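> Sharing a structure with you now.
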Amino acid sequence: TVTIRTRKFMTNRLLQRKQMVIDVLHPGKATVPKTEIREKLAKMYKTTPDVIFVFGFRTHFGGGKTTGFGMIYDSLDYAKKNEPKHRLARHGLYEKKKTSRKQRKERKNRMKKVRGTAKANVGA
Amino acid sequence: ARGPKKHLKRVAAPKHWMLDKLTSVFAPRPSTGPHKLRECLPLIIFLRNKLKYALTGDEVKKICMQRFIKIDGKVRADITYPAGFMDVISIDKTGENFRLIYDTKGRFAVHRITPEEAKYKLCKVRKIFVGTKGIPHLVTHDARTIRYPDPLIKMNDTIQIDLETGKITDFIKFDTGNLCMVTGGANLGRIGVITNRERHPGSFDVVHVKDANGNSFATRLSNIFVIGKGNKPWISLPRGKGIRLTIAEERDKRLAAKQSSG
Amino acid sequence: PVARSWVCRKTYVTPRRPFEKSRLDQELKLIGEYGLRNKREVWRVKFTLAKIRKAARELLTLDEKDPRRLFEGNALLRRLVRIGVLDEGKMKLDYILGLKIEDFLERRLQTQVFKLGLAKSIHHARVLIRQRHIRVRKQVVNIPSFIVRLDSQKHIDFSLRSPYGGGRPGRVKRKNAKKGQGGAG
RNA sequence: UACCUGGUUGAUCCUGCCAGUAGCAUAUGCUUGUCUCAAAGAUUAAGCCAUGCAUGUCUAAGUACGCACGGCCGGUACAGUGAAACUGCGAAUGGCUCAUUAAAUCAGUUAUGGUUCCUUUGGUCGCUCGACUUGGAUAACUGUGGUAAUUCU
RNA sequence: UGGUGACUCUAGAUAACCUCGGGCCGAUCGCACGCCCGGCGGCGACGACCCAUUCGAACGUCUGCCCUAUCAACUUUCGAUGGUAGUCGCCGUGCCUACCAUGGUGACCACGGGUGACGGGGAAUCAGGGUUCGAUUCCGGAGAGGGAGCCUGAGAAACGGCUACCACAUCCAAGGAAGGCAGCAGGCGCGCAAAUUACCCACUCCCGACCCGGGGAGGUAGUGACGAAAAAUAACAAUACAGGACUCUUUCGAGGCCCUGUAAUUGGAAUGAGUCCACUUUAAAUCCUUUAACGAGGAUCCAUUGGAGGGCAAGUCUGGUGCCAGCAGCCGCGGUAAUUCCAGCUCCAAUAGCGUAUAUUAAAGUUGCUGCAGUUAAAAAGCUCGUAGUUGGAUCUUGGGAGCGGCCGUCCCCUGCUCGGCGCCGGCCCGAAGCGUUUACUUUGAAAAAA
């Protein structure tokens, strides 16, 4: 019984996407996960679910309505080109470095000590 | 400070950008360019706040570095480029063309113009200069040093340049009965016929302007721009037509439009 | 240099004389009658009135056919007509002065839930709202202070997700059903 | 909301202050279930500071002979990924504090016809009448080192 | 030639000069590459003299600041105010020289001193006035332990640059080397008085050669009763009990069609705190929101903090103490009946808050402009003169011409002298720029950052 409407619809020809406001009615039951939103937006606009990036849902008080922002890209390469790399990482097709920034700071400051090729000899 | 400032605080940003309070400490500080800091509207604010093609200022970096944006006939790739008055933003892949004309309130609005209209723009001259070999020079309100102009063109006249070539086609001379967009002060966005010039040796010359509903008002001559000979403008005008309905009449028309529509 | 607001005002004013017998009398009358919880709740309705009243008197110093006074006046009147405190016959701004604290407590959503007969008492009505039973146009209002508009009055009813409406039976009934089945076998 | 009230007397009317009254913003006491905003080493010591971090930066487009990686139609040099180093730019902004400072600072108001201005934007860039690309250093690199010690050389 | 209100402006012409510590006129790089009997060309990147523009910055204009007279004269041949000519400076100028002149400021408060003084936008109180505060997120200024000097650069007298001195302090193999948290954390000290040696460049913007890197700037969490908003701590029946509409009864008593109240009385229905999978949120999380499942009877899931003589809402209740202990902002209570102490019960006030200390605003018409006082309550100089200061008599345009509404009310009028347009046979009617006592006052207009 999950209805999903689209609102304030736009076509960015300059970012190669559709972008719209997803409006999910689901009275009685929990906030529905993004996977059910993507799969319903997919068959709503007759597109692959892989090009659909869906985020920023804040459920109204009472909870028979959530409003989030969606966008449907033209291709897979267009998705991976001009999308925030963190929102790719919800789909597993961006992985970032394990290091926390304090190691990278202290590394940089240790490399500032030695001159020449010996800066590679700070770590390992 | 002991050199130039490179940041603009969100609160200290000009009111006509209509930037919100709560999103960020900083506003986009306009890069140096043709228009003044507090008289321009950066590309970023046009591209992500007015038109909402972006969401963030990193999306605006992706749009502009695809070279899809073309301000007054040349592609810029600066998100904080000062796009100001009478400038023509041509977003070419969408097939759209926008003129930065002041709405009846002091903001710049989303005024869509036709691809034919988007080929020329109108420029107020700031001074007449005589160059290094008797060469006459104009300087426009957007820093265009146009050399060998028509000798009848004087300061406070407007000239119609063609973007592609950068050469003058026509010009309105600053004379009474000519249309006037007000581009500074309390009357920012008014359109009316110039009815009186009032000279002041030393001090600032003031100019009375009658409107399309007989609403006469004054303005400093610095803050004036002529947009057509007599009563016919050389640009397309936004709704309101710089006539400036009062807040009582604004309330009336907004209420009439809401109740009648449903 | 942080990107925060800091903007905040008080909604009440504590009275000058703290132990006026006649004031303690009349404010406890208002609390008991309209089922409020503290003197701050009366003092804030009194302060909303005093703001409206101060604005109205400021407009009465200005001459008639003053465009500020006409615009600001008509706006303040329309605001009072909307919330259902001032009648449409009485939208002249010298009738705002002839206006009392009781008329704003009448528009309190606790007192409207009572007077629309979907609560038994004024104290029951607060329980229902505070236990998110009622809705105003498919919007569950949890908070009894909701000033109900004249536009928005007849759309007050029970929430679809509440057992006093067409909702799932509550925690007590469902335990008493499990007790009734546990006892038998 | 344009408000007072207790106290000199045996009692009275006064002057008149003390004390009550309500905020507000610092401290502190006791108490504290939910939820939304949010101040927070200013006052005293612009006192002293261990340690870590806070300004760095590469595009097709200044400089690539580190095999650190790496393709094959190579002899008409240089595929491409590129650490380091040179070069350019930034480091004069941001942040912090309120010691100094009383026509100073600052505010409104003008002036710059009395000046400077990286950057940006638009001009100018065969306007002068007289080599089909020049010179030799230096750094990374390689290799000998010194001092207890430094982002030393 | 062009321009301003005004140039010793811009441009023009002549004569020359050209800093060897030296203005420009390209020995630079990348894309796609073609046409032409080797030449010629597109699209850029970078660099550059000069001009304009932008971002500014600097120095000036007018006006505006707290207390102080137990600060009345100050400034001046180590510049004080001017003039002339230089030096220096980016330029203007005692900025600095040299030579002249003797000026400049002051009771309209100069000069000196104080400030628990960075200034402003602003904040708190506030009837009308005012009073107080503003270290603090925006603007402007200043400083980086104290002074000082300078390098580089467009921009610094830079301190996350350098060089000294003074102060304090760190390694040391005793020869030396290194320092600057009024950056973010954090430590000590100081105190009445103030949080994590957290996460992140995802948002906001900034910097760079840059779609890609970096940012304790910033964002996000932690501590957080500074303060502000919303808002639980129960609700509803039926029984015990007490009053009333209403009938009856003189009063009792009954009926309850109608309640209204409270009993560790019974009863079901409720929901949130809390626990907690799952989503959502997010850079990754958290909190909220959404949601399964649990989760309330002395609903022990237990509301406090101050008071109960008056001012000031609320016990002349009981026990203890006996001018003791103590309470008490004030008046006062305490000496054996304490409505005032210390307690029990009860009640009052505000309530997730409430008391106390202290600065401060109103109250204070107890600083008085609004607006106070001065015979006797504190207060008019012993008296007069007197210069600033303050305040100053009367008197100089009035009666009309014209129209609308039903004698009255609003409206139009009581200065002249280059060029044009309602035009007419050099003039007249009309418009435009200029000339036309000085202000104060009032009215309008321009302009004045946001928050």
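For the structure tokens, the naming scheme is as follows: chains receive sequential letters (A, B, ...) according to their order of presentation, residues are indexed from 1 within each chain, and ligands are indexed from 1 in presentation order.
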Report as a PyMOL selection string the set of chain D residues whose atoms approach chain A to within 9 Å, with distances computed over only C-alpha atoms (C1' of nucleotides).

chain D and resi 52-53+66+83-85+140+151

> Could you write out that same residue set with N, CA and C atoms (P, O5', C5', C4', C3', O3' and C1' of nucleotides) as a PDB file, in the first residue's frame?


ATOM      1  P     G D  52      54.462  17.094  19.210  1.00  0.00           P
ATOM      2  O5'   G D  52      53.015  16.857  18.582  1.00  0.00           O
ATOM      3  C5'   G D  52      52.514  15.524  18.355  1.00  0.00           C
ATOM      4  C4'   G D  52      51.057  15.551  17.947  1.00  0.00           C
ATOM      5  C3'   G D  52      50.662  16.531  16.854  1.00  0.00           C
ATOM      6  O3'   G D  52      51.027  16.110  15.543  1.00  0.00           O
ATOM      7  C1'   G D  52      49.109  16.697  18.603  1.00  0.00           C
ATOM      8  P     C D  53      51.583  17.176  14.464  1.00  0.00           P
ATOM      9  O5'   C D  53      50.262  17.889  13.927  1.00  0.00           O
ATOM     10  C5'   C D  53      49.176  17.132  13.359  1.00  0.00           C
ATOM     11  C4'   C D  53      47.889  17.930  13.372  1.00  0.00           C
ATOM     12  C3'   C D  53      47.901  19.293  12.697  1.00  0.00           C
ATOM     13  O3'   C D  53      47.805  19.250  11.274  1.00  0.00           O
ATOM     14  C1'   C D  53      46.876  19.506  14.796  1.00  0.00           C
ATOM     15  P     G D  66      63.108  10.426 -15.098  1.00  0.00           P
ATOM     16  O5'   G D  66      63.595   9.545 -13.862  1.00  0.00           O
ATOM     17  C5'   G D  66      64.983   9.498 -13.474  1.00  0.00           C
ATOM     18  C4'   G D  66      65.158   8.662 -12.226  1.00  0.00           C
ATOM     19  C3'   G D  66      64.709   7.210 -12.312  1.00  0.00           C
ATOM     20  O3'   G D  66      65.697   6.349 -12.878  1.00  0.00           O
ATOM     21  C1'   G D  66      63.897   8.177 -10.308  1.00  0.00           C
ATOM     22  P     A D  83      53.596  12.911  -8.749  1.00  0.00           P
ATOM     23  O5'   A D  83      54.508  12.537  -7.499  1.00  0.00           O
ATOM     24  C5'   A D  83      54.007  11.719  -6.427  1.00  0.00           C
ATOM     25  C4'   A D  83      55.160  11.107  -5.673  1.00  0.00           C
ATOM     26  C3'   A D  83      56.220  12.084  -5.173  1.00  0.00           C
ATOM     27  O3'   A D  83      55.847  12.757  -3.972  1.00  0.00           O
ATOM     28  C1'   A D  83      57.271  10.235  -6.207  1.00  0.00           C
ATOM     29  P     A D  84      56.056  14.348  -3.839  1.00  0.00           P
ATOM     30  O5'   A D  84      57.622  14.526  -4.051  1.00  0.00           O
ATOM     31  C5'   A D  84      58.544  14.154  -3.015  1.00  0.00           C
ATOM     32  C4'   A D  84      59.961  14.127  -3.539  1.00  0.00           C
ATOM     33  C3'   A D  84      60.561  15.473  -3.926  1.00  0.00           C
ATOM     34  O3'   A D  84      61.097  16.139  -2.787  1.00  0.00           O
ATOM     35  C1'   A D  84      60.963  13.909  -5.650  1.00  0.00           C
ATOM     36  P     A D  85      60.861  17.705  -2.586  1.00  0.00           P
ATOM     37  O5'   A D  85      61.713  18.354  -3.760  1.00  0.00           O
ATOM     38  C5'   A D  85      63.147  18.373  -3.713  1.00  0.00           C
ATOM     39  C4'   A D  85      63.691  18.854  -5.035  1.00  0.00           C
ATOM     40  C3'   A D  85      63.186  20.214  -5.506  1.00  0.00           C
ATOM     41  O3'   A D  85      63.897  21.271  -4.871  1.00  0.00           O
ATOM     42  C1'   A D  85      63.005  18.671  -7.273  1.00  0.00           C
ATOM     43  P     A D 140      69.806  18.078  -4.441  1.00  0.00           P
ATOM     44  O5'   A D 140      68.623  17.242  -5.102  1.00  0.00           O
ATOM     45  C5'   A D 140      67.399  17.016  -4.381  1.00  0.00           C
ATOM     46  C4'   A D 140      66.348  16.434  -5.293  1.00  0.00           C
ATOM     47  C3'   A D 140      66.541  14.977  -5.696  1.00  0.00           C
ATOM     48  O3'   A D 140      66.144  14.039  -4.697  1.00  0.00           O
ATOM     49  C1'   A D 140      65.936  16.262  -7.592  1.00  0.00           C
ATOM     50  P     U D 151      63.618  19.318  13.399  1.00  0.00           P
ATOM     51  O5'   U D 151      63.235  19.437  11.858  1.00  0.00           O
ATOM     52  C5'   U D 151      63.947  18.696  10.846  1.00  0.00           C
ATOM     53  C4'   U D 151      64.096  19.528   9.591  1.00  0.00           C
ATOM     54  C3'   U D 151      64.882  20.826   9.752  1.00  0.00           C
ATOM     55  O3'   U D 151      65.701  21.090   8.619  1.00  0.00           O
ATOM     56  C1'   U D 151      62.791  21.309   8.827  1.00  0.00           C
TER      57        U D 151
END

> Please list as an mmCIF file with N, CA and C atoms, in the first residue's frame every residue within 12 Å of residue 55 in chain C, counting only C-alpha atoms (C1' of nucleotides) and excluding residues in the same chain fewer than 3 positions away.


data_model
loop_
_atom_site.group_PDB
_atom_site.id
_atom_site.type_symbol
_atom_site.label_atom_id
_atom_site.label_comp_id
_atom_site.auth_asym_id
_atom_site.auth_seq_id
_atom_site.Cartn_x
_atom_site.Cartn_y
_atom_site.Cartn_z
ATOM 1 N N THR C 48 0.252 37.508 24.388
ATOM 2 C CA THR C 48 -0.136 37.482 22.948
ATOM 3 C C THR C 48 -1.203 38.554 22.708
ATOM 4 N N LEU C 49 -2.145 38.697 23.646
ATOM 5 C CA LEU C 49 -3.222 39.720 23.603
ATOM 6 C C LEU C 49 -2.601 41.115 23.717
ATOM 7 N N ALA C 50 -1.692 41.319 24.676
ATOM 8 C CA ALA C 50 -1.045 42.621 24.979
ATOM 9 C C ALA C 50 -0.212 43.105 23.785
ATOM 10 N N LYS C 51 0.454 42.191 23.071
ATOM 11 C CA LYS C 51 1.190 42.475 21.807
ATOM 12 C C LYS C 51 0.214 42.980 20.737
ATOM 13 N N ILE C 52 -0.853 42.211 20.479
ATOM 14 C CA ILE C 52 -1.956 42.529 19.516
ATOM 15 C C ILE C 52 -2.527 43.901 19.876
ATOM 16 N N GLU C 58 -1.134 51.448 18.659
ATOM 17 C CA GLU C 58 -0.106 52.141 17.834
ATOM 18 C C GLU C 58 -0.743 52.605 16.515
ATOM 19 N N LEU C 59 -1.674 51.823 15.949
ATOM 20 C CA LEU C 59 -2.387 52.144 14.677
ATOM 21 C C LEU C 59 -3.435 53.242 14.908
ATOM 22 N N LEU C 60 -3.970 53.351 16.126
ATOM 23 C CA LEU C 60 -5.054 54.307 16.489
ATOM 24 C C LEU C 60 -4.494 55.720 16.712
ATOM 25 N N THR C 61 -3.177 55.862 16.903
ATOM 26 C CA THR C 61 -2.472 57.173 16.948
ATOM 27 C C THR C 61 -2.379 57.751 15.530
ATOM 28 N N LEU C 62 -2.266 56.891 14.510
ATOM 29 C CA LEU C 62 -2.163 57.291 13.080
ATOM 30 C C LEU C 62 -3.538 57.740 12.567
ATOM 31 N N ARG C 69 -1.466 52.362 8.195
ATOM 32 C CA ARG C 69 -2.573 52.075 9.152
ATOM 33 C C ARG C 69 -3.644 51.193 8.493
ATOM 34 N N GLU C 72 -1.659 47.591 7.631
ATOM 35 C CA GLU C 72 -1.303 46.930 8.913
ATOM 36 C C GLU C 72 -2.580 46.588 9.685
ATOM 37 N N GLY C 73 -3.542 47.519 9.723
ATOM 38 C CA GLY C 73 -4.875 47.330 10.331
ATOM 39 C C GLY C 73 -5.589 46.128 9.740
ATOM 40 N N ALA C 75 -4.610 43.731 7.964
ATOM 41 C CA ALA C 75 -3.786 42.520 8.193
ATOM 42 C C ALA C 75 -4.031 41.968 9.603
ATOM 43 N N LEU C 76 -3.986 42.826 10.630
ATOM 44 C CA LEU C 76 -4.196 42.449 12.059
ATOM 45 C C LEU C 76 -5.628 41.943 12.272
ATOM 46 N N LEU C 77 -6.600 42.579 11.613
ATOM 47 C CA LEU C 77 -8.038 42.197 11.655
ATOM 48 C C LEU C 77 -8.221 40.834 10.978
ATOM 49 N N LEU C 93 -10.791 48.096 13.850
ATOM 50 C CA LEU C 93 -9.685 47.790 14.806
ATOM 51 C C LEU C 93 -9.850 48.526 16.149
ATOM 52 N N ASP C 94 -11.013 49.122 16.423
ATOM 53 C CA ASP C 94 -11.387 49.647 17.766
ATOM 54 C C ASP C 94 -12.164 48.578 18.551
ATOM 55 N N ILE C 96 -10.824 45.425 18.690
ATOM 56 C CA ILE C 96 -9.698 44.587 19.207
ATOM 57 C C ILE C 96 -9.456 44.982 20.670
ATOM 58 N N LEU C 97 -9.649 46.261 21.006
ATOM 59 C CA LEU C 97 -9.506 46.785 22.388
ATOM 60 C C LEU C 97 -10.575 46.148 23.286
#

> Could you list the residues in chain E lying within 6 Å of chain A, using only C-alpha atoms (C1' of nucleotides), and format the result as a list in words?

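Applying the cut-off to the listed atoms yields residues 279, 280, 289, 290 and 291 of chain E.
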
> Within range 70-262 of chain B, find each residue whose DSSP state, derived from the backbone, is strand (DSSP E), and express the selection as a PyMOL selection string.

chain B and resi 70-71+82-83+88-91+96-99+111-112+120-130+136-140+158-162+167-172+179-182+191-198+206-210+224-225

> Let's have the selection written as a PDB file, in the first residue's frame, with C-alpha atoms.


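What ended up in out_5.pdb:
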ATOM      1  CA  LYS B  70      28.011  31.518 -21.687  1.00  0.00           C
ATOM      2  CA  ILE B  71      27.670  35.011 -20.038  1.00  0.00           C
ATOM      3  CA  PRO B  82      30.071  38.735 -11.243  1.00  0.00           C
ATOM      4  CA  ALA B  83      27.118  38.581 -13.717  1.00  0.00           C
ATOM      5  CA  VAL B  88      22.937  37.710 -21.120  1.00  0.00           C
ATOM      6  CA  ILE B  89      23.459  34.194 -19.586  1.00  0.00           C
ATOM      7  CA  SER B  90      23.128  31.627 -22.467  1.00  0.00           C
ATOM      8  CA  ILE B  91      22.820  28.033 -21.075  1.00  0.00           C
ATOM      9  CA  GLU B  96      17.877  28.913 -22.935  1.00  0.00           C
ATOM     10  CA  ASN B  97      18.916  32.632 -22.728  1.00  0.00           C
ATOM     11  CA  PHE B  98      18.466  34.881 -19.607  1.00  0.00           C
ATOM     12  CA  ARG B  99      18.852  38.701 -19.242  1.00  0.00           C
ATOM     13  CA  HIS B 111      13.829  36.835 -17.199  1.00  0.00           C
ATOM     14  CA  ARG B 112      13.912  34.344 -20.162  1.00  0.00           C
ATOM     15  CA  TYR B 120      22.663  42.044 -28.440  1.00  0.00           C
ATOM     16  CA  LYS B 121      22.797  43.800 -25.021  1.00  0.00           C
ATOM     17  CA  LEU B 122      22.368  47.445 -23.876  1.00  0.00           C
ATOM     18  CA  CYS B 123      25.291  49.239 -22.056  1.00  0.00           C
ATOM     19  CA  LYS B 124      25.264  52.612 -20.178  1.00  0.00           C
ATOM     20  CA  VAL B 125      28.562  54.517 -20.857  1.00  0.00           C
ATOM     21  CA  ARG B 126      30.544  55.762 -17.760  1.00  0.00           C
ATOM     22  CA  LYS B 127      33.030  58.174 -19.479  1.00  0.00           C
ATOM     23  CA  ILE B 128      34.404  59.422 -22.861  1.00  0.00           C
ATOM     24  CA  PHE B 129      38.261  59.205 -23.085  1.00  0.00           C
ATOM     25  CA  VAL B 130      40.654  60.401 -25.900  1.00  0.00           C
ATOM     26  CA  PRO B 136      38.017  58.386 -28.899  1.00  0.00           C
ATOM     27  CA  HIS B 137      37.213  55.762 -26.161  1.00  0.00           C
ATOM     28  CA  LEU B 138      33.927  54.799 -24.403  1.00  0.00           C
ATOM     29  CA  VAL B 139      33.905  52.913 -21.057  1.00  0.00           C
ATOM     30  CA  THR B 140      30.569  51.105 -20.350  1.00  0.00           C
ATOM     31  CA  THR B 158      23.237  53.831 -23.542  1.00  0.00           C
ATOM     32  CA  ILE B 159      24.720  51.897 -26.551  1.00  0.00           C
ATOM     33  CA  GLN B 160      23.414  48.598 -28.093  1.00  0.00           C
ATOM     34  CA  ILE B 161      26.471  46.265 -28.574  1.00  0.00           C
ATOM     35  CA  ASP B 162      26.325  42.954 -30.551  1.00  0.00           C
ATOM     36  CA  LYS B 167      30.581  46.685 -31.816  1.00  0.00           C
ATOM     37  CA  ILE B 168      27.773  49.313 -31.294  1.00  0.00           C
ATOM     38  CA  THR B 169      24.586  49.034 -33.498  1.00  0.00           C
ATOM     39  CA  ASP B 170      22.271  51.808 -32.070  1.00  0.00           C
ATOM     40  CA  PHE B 171      22.273  54.201 -29.015  1.00  0.00           C
ATOM     41  CA  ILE B 172      19.655  56.115 -26.901  1.00  0.00           C
ATOM     42  CA  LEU B 179      12.484  55.269 -20.757  1.00  0.00           C
ATOM     43  CA  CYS B 180      14.674  54.795 -17.614  1.00  0.00           C
ATOM     44  CA  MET B 181      15.349  51.587 -15.596  1.00  0.00           C
ATOM     45  CA  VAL B 182      16.619  52.754 -12.122  1.00  0.00           C
ATOM     46  CA  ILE B 191      10.852  51.824 -15.224  1.00  0.00           C
ATOM     47  CA  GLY B 192       9.571  55.314 -16.248  1.00  0.00           C
ATOM     48  CA  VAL B 193      10.062  58.175 -18.797  1.00  0.00           C
ATOM     49  CA  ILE B 194      12.684  60.847 -17.763  1.00  0.00           C
ATOM     50  CA  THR B 195      10.555  64.039 -17.215  1.00  0.00           C
ATOM     51  CA  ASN B 196      13.209  66.400 -15.645  1.00  0.00           C
ATOM     52  CA  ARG B 197      17.020  66.827 -15.226  1.00  0.00           C
ATOM     53  CA  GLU B 198      18.109  68.943 -12.162  1.00  0.00           C
ATOM     54  CA  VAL B 206      19.089  64.348  -9.482  1.00  0.00           C
ATOM     55  CA  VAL B 207      16.608  63.128 -12.196  1.00  0.00           C
ATOM     56  CA  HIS B 208      12.757  63.064 -11.783  1.00  0.00           C
ATOM     57  CA  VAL B 209      11.113  60.085 -13.636  1.00  0.00           C
ATOM     58  CA  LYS B 210       7.341  59.755 -14.408  1.00  0.00           C
ATOM     59  CA  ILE B 224      19.810  55.682 -13.984  1.00  0.00           C
ATOM     60  CA  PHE B 225      19.836  53.632 -17.253  1.00  0.00           C
TER      61      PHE B 225
END

> Restrict the distance test to only C-alpha atoms (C1' of nucleotides), flag each residue of chain D within 7 Å of chain C, and return the flagged residues as a ChimeraX atom specification.

/D:21-22,38

> Can those selected residues be exported to a file as a PDB file, in the first residue's frame so that it contains C-alpha atoms (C1' of nucleotides)?


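That gives us again15.pdb:
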ATOM      1  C1'   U D  21       8.143  44.433  44.401  1.00  0.00           C
ATOM      2  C1'   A D  22       9.181  42.918  38.963  1.00  0.00           C
ATOM      3  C1'   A D  38      21.644  27.536  22.228  1.00  0.00           C
TER       4        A D  38
END

> Based on the backbone DSSP call, show me all residues of chain A assigned alpha helix (DSSP H), as a ChimeraX atom specification.

/A:34-45,76-81,85-88,101-111

> Write out as number ranges by chain the residues lying within 12 Å of residue 86 in chain D, counting only C-alpha atoms (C1' of nucleotides) and excluding same-chain residues fewer than 2 positions away.

D: 62-64, 84, 88, 138-140

> Please, could you write that set of residues out with N, CA and C atoms (P, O5', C5', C4', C3', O3' and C1' of nucleotides) as a PDB file, in the first residue's frame?


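Output file part-v2.pdb follows:
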ATOM      1  P     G D  62      51.975  22.992 -18.320  1.00  0.00           P
ATOM      2  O5'   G D  62      53.447  23.554 -18.498  1.00  0.00           O
ATOM      3  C5'   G D  62      53.747  24.448 -19.574  1.00  0.00           C
ATOM      4  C4'   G D  62      55.022  25.185 -19.271  1.00  0.00           C
ATOM      5  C3'   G D  62      56.243  24.314 -19.029  1.00  0.00           C
ATOM      6  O3'   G D  62      56.845  23.940 -20.264  1.00  0.00           O
ATOM      7  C1'   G D  62      56.047  25.852 -17.264  1.00  0.00           C
ATOM      8  P     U D  63      57.113  22.397 -20.603  1.00  0.00           P
ATOM      9  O5'   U D  63      58.245  21.992 -19.559  1.00  0.00           O
ATOM     10  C5'   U D  63      59.518  22.659 -19.573  1.00  0.00           C
ATOM     11  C4'   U D  63      60.352  22.241 -18.385  1.00  0.00           C
ATOM     12  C3'   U D  63      60.489  20.753 -18.115  1.00  0.00           C
ATOM     13  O3'   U D  63      61.322  20.066 -19.045  1.00  0.00           O
ATOM     14  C1'   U D  63      60.177  21.880 -16.076  1.00  0.00           C
ATOM     15  P     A D  64      60.743  18.847 -19.921  1.00  0.00           P
ATOM     16  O5'   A D  64      61.316  17.565 -19.171  1.00  0.00           O
ATOM     17  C5'   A D  64      60.709  17.062 -17.965  1.00  0.00           C
ATOM     18  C4'   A D  64      61.364  15.761 -17.559  1.00  0.00           C
ATOM     19  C3'   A D  64      61.055  14.570 -18.463  1.00  0.00           C
ATOM     20  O3'   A D  64      62.140  13.663 -18.509  1.00  0.00           O
ATOM     21  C1'   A D  64      60.168  14.177 -16.309  1.00  0.00           C
ATOM     22  P     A D  84      56.056  14.348  -3.839  1.00  0.00           P
ATOM     23  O5'   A D  84      57.622  14.526  -4.051  1.00  0.00           O
ATOM     24  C5'   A D  84      58.544  14.154  -3.015  1.00  0.00           C
ATOM     25  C4'   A D  84      59.961  14.127  -3.539  1.00  0.00           C
ATOM     26  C3'   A D  84      60.561  15.473  -3.926  1.00  0.00           C
ATOM     27  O3'   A D  84      61.097  16.139  -2.787  1.00  0.00           O
ATOM     28  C1'   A D  84      60.963  13.909  -5.650  1.00  0.00           C
ATOM     29  P     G D  88      59.644  31.529  -9.340  1.00  0.00           P
ATOM     30  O5'   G D  88      58.090  31.479  -9.671  1.00  0.00           O
ATOM     31  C5'   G D  88      57.612  32.006 -10.917  1.00  0.00           C
ATOM     32  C4'   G D  88      56.177  31.604 -11.140  1.00  0.00           C
ATOM     33  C3'   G D  88      55.190  32.021 -10.066  1.00  0.00           C
ATOM     34  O3'   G D  88      54.884  33.410 -10.164  1.00  0.00           O
ATOM     35  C1'   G D  88      54.786  29.779 -10.668  1.00  0.00           C
ATOM     36  P     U D 138      76.949  24.363 -11.187  1.00  0.00           P
ATOM     37  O5'   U D 138      75.531  24.276 -10.464  1.00  0.00           O
ATOM     38  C5'   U D 138      75.102  25.271  -9.511  1.00  0.00           C
ATOM     39  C4'   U D 138      73.617  25.143  -9.261  1.00  0.00           C
ATOM     40  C3'   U D 138      73.136  23.764  -8.838  1.00  0.00           C
ATOM     41  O3'   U D 138      73.367  23.572  -7.440  1.00  0.00           O
ATOM     42  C1'   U D 138      71.690  24.670 -10.501  1.00  0.00           C
ATOM     43  P     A D 139      73.541  22.094  -6.829  1.00  0.00           P
ATOM     44  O5'   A D 139      72.047  21.537  -6.832  1.00  0.00           O
ATOM     45  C5'   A D 139      71.105  22.051  -5.877  1.00  0.00           C
ATOM     46  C4'   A D 139      69.698  21.578  -6.160  1.00  0.00           C
ATOM     47  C3'   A D 139      69.437  20.079  -6.100  1.00  0.00           C
ATOM     48  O3'   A D 139      69.403  19.595  -4.762  1.00  0.00           O
ATOM     49  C1'   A D 139      68.157  21.106  -7.824  1.00  0.00           C
ATOM     50  P     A D 140      69.806  18.078  -4.441  1.00  0.00           P
ATOM     51  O5'   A D 140      68.623  17.242  -5.102  1.00  0.00           O
ATOM     52  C5'   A D 140      67.399  17.016  -4.381  1.00  0.00           C
ATOM     53  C4'   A D 140      66.348  16.434  -5.293  1.00  0.00           C
ATOM     54  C3'   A D 140      66.541  14.977  -5.696  1.00  0.00           C
ATOM     55  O3'   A D 140      66.144  14.039  -4.697  1.00  0.00           O
ATOM     56  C1'   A D 140      65.936  16.262  -7.592  1.00  0.00           C
TER      57        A D 140
END

> Please return, as number ranges by chain, all residues of chain C lying within 7 Å of chain A when only C-alpha atoms are considered.

C: 139-140, 161

> State, in Å with one decimal place, the distance from CA of residue 4 in chain A to CA of residue 44 in chain A.

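Separation of CA of residue 4 in chain A and CA of residue 44 in chain A: 8.9 Å.
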
> Show me, as a count of residues only, every residue of chain E with an atom at most 9 Å from chain B, counting only C-alpha atoms (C1' of nucleotides).

33
